[PDB]
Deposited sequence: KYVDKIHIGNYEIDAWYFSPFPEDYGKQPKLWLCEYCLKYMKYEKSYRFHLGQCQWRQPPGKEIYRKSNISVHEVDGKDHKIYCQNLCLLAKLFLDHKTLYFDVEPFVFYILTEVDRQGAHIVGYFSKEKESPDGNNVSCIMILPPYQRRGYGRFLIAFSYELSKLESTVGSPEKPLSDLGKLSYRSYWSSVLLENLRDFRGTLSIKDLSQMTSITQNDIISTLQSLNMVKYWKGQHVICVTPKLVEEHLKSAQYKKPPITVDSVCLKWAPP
């Protein structure tokens, strides 16, 4: 019997996938998690006692982004191993393809929180390899179900590229993406490339956005905005076509933006 439901913060969330919590935790009807330190617990009564004792009110590590009540904390897997392991176990409940939960030292984790008077409330996160041979600027990216489709995943995607820009490098999320992750990346890539084309080669779009040329190309292909000439993909779009796409329906929700002025981060 697996964990099939969690209590975290004020949320109850059904699981989507197996996550390898220890077997005596899986047998319970519900797993209870501290939303701040991510300790997982077996019983409502151990949970209630923890909440009265636990002094964390935000993620560990350093706050590398803060604008109003939106916060990102950078957590080195080697300096906060238990926390990062608990995060990985939580994420695996909602990610089919994640496979790494306990060997977190090679990773840095970026925790998105929404802040009120009580504390910084976890919304989702992405992990990133400290050293990525493959040029992945995201390893796993997860938004908790009650926050999905509300602009938070777009924020974290945009955030992963802002770090890539600061590293003077392109990057791409590690494959395979979850289904919602796929739709989300395609929509983010469209928005960013279309906005840059409104206001340029494929290589220019790549250097301006840190989106890889392959991701740019496959995005422009889905928009039917690339020609092929003698073995080369070549952008082929009119300003009017760009605006037709941009004011269409799916680009209408106002984003949580990443304000680079509020990003406190130096490339390793």
| query | finding |
| --- | --- |
| Deposited positions without coordinates, collected into consecutive stretches in sequence order | 200-203 |
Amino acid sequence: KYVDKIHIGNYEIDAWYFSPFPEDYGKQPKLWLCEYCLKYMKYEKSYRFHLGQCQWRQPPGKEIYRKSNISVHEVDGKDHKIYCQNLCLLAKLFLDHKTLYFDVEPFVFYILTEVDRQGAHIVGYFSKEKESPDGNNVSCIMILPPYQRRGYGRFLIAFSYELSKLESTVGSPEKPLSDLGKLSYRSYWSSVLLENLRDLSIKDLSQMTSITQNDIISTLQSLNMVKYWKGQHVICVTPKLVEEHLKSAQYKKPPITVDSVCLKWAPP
From here on, numbers count along this sequence of modelled residues.
| query | finding |
| --- | --- |
| Higher-B stretch (mean Cα B-factor, as the entry records it), 126-134 or 107-115 | 126-134 |
| Given 78-86 and 140-148, the range whose Cα B-factors average higher in the PDB entry | 78-86 |
| Residue with maximal Cα B-factor (values as given in the PDB entry) among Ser172, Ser184, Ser191, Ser160 | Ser191 |
| From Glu35, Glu44, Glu243, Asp215, residue of greatest CA B-factor | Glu243 |
| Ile6 CA temperature factor, ranked by third within the chain | lowest |
| Chain-wide C-alpha B factor ranking for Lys165, given as lowest, middle or highest third | middle |
| Record-listed C-alpha B factor of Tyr251: chain third | highest |
| CA B-factor placement of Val237, once the chain's modelled residues are sorted into thirds | highest |
| Assigned third (lowest, middle, highest) for the C-alpha B factor of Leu220 | middle |
